[PDB]
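For what it's worth, our numbering labels the leading residue of the sequence shown as 31, then goes sequentially.
From the three backbone atoms N, C-alpha and C, an ideal C-beta is built for every residue, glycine too.
Working notes, beginning with the structure itself.
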Amino acid sequence: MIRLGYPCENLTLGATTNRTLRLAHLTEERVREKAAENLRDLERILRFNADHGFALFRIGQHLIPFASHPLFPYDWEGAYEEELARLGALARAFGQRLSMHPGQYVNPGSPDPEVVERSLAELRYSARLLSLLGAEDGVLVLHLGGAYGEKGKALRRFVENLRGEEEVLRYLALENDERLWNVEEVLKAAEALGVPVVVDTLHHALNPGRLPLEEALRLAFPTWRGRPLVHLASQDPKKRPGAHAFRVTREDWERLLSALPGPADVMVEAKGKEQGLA
Ligand SMILES: [Mn+2]
Numbered sequence: 031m032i033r034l035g036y037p038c039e040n041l042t043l044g045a046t047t048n049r050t051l052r053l054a055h056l057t058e059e060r061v062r063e064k065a066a067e068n069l070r071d072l073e074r075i076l077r078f079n080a081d082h083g084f085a086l087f088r089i090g091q092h093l094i095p096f097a098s099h100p101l102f103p104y105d106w107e108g109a110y111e112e113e114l115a116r117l118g119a120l121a122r123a124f125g126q127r128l129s130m131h132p133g134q135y136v137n138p139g140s141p142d143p144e145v146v147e148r149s150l151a152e153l154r155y156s157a158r159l160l161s162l163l164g165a166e167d168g169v170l171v172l173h174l175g176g177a178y179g180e181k182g183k184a185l186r187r188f189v190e191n192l193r194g195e196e197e198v199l200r201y202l203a204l205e206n207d208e209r210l211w212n213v214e215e216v217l218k219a220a221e222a223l224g225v226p227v228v229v230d231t232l233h234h235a236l237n238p239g240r241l242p243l244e245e246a247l248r249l250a251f252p253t254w255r256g257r258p259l260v261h262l263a264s265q266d267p268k269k270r271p272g273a274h275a276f277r278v279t280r281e282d283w284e285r286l287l288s289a290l291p292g293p294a295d296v297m298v299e300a301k302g303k304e305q306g307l308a
């Protein structure tokens, strides 16, 4: 019924795909060293997953630190295409579904054209990485982002700025958030683009609109060619709305398991990572 994954890093292993460096510091030598370590850690995590009942992993945005930056000092596709082919071959042999979730500043619906361009360059890097990995069923998960005044205009800029991006559109799936975009609104945007919807259970509880969870899933699931993907997290009892607990609670697991209209891949988003009630 369910495949499980976790994002970016693994705690028992102390492996991460998300080392970076300060921009000061963005020289070929320094970037190569962090990227080397991130790629090594990617393999340790895929191999660990094979042995531990995990089938999903979110690669961290910093795998190749600053890859989409205007001043990135070398040809990273040329440097890493062979190693990424080999890592992806491993991922497939282990039945691992790969994904990526760009950062908070990725908004192709911004009113600032240079923010849009930088955001698209970050999406293109992520999509290229998935291609170099041969991640067929790979997911590039994106929030709809800031309303900058009008939600309506924002959304039409978003769709407009994504519609020509055919490699991004190969992996792109859209996600509901805890403040601006409920599952219903996301479903409309996704339809316009021809992409799947990822339902985040905690974002939905916080910002449900009219839909109960079961219904949000029932409508989101048909948007996938293959296996739907879901994001599961729990509210931390001590922190601001949207803060992820260390562990997903049993209550939240069973609310998800009860609401599922069919098989799904579940990305567990907990501070505990593979200890996340994953
Ligand atoms: Mn969240």
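Any non-hydrogen atom of ligand 1 closer than 7 angstroms to residue i Cβ
i       : result
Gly-272 : yes
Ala-300 : no
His-233 : yes
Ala-275 : no
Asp-295 : no
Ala-119 : no
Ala-263 : yes
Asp-230 : yes
Unbroken alpha helix (DSSP H) run spanning residue i, endpoints
i       : result
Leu-163 : Careful: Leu-163 lies outside any alpha helix (DSSP H) and carries neither H nor E.
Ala-246 : 243–250
Reduced DSSP category for residue i - H, G, I as helix; E, B as strand; rest coil
i       : result
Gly-118 : helix
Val-216 : helix
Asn-191 : helix
Span separating the alpha-carbon of residue i from that of residue j
i          : j       : result
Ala-220    : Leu-249 : 12 angstroms
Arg-255    : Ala-263 : 24 angstroms
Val-145    : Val-171 : 19 angstroms
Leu-120    : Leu-159 : 15 angstroms
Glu-304    : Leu-76  : 12 angstroms
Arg-60     : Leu-51  : 8 angstroms
residue 12 : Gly-133 : Here the chain covers residues 31 to 308 and nothing more, so residue 12 does not appear.
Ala-65     : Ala-222 : 36 angstroms
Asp-71     : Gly-125 : 18 angstroms
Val-189    : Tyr-155 : 19 angstroms
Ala-294    : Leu-247 : 10 angstroms
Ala-235    : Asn-40  : 27 angstroms
First through last residue of the beta strand (DSSP E) which encompasses residue i
i       : result
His-234 : Premise fails: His-234 lies in the alpha helix (DSSP H), 231–236, not in any beta strand (DSSP E).
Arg-280 : Not the beta strand (DSSP E): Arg-280 falls in the alpha helix (DSSP H), residues 280–289.
**Request:** Give, in chain order, every unbroken run of the beta strand (DSSP E) that is at least 3 residues long and sits entirely within the region 77–126.
**Result:** Taking 3 residues as the minimum length, the beta strand (DSSP E) runs contained wholly in the region 77–126 are 86–88, in order along the chain.
**Message:** What ranges does the beta strand (DSSP E) occupy inside the region 122–154, keeping only unbroken runs of at least 3 residues that lie completely in it?
**Reply:** If one requires a minimum length of 3 residues, the beta strand (DSSP E) runs lying completely within the region 122–154 are 127–130, in chain order.
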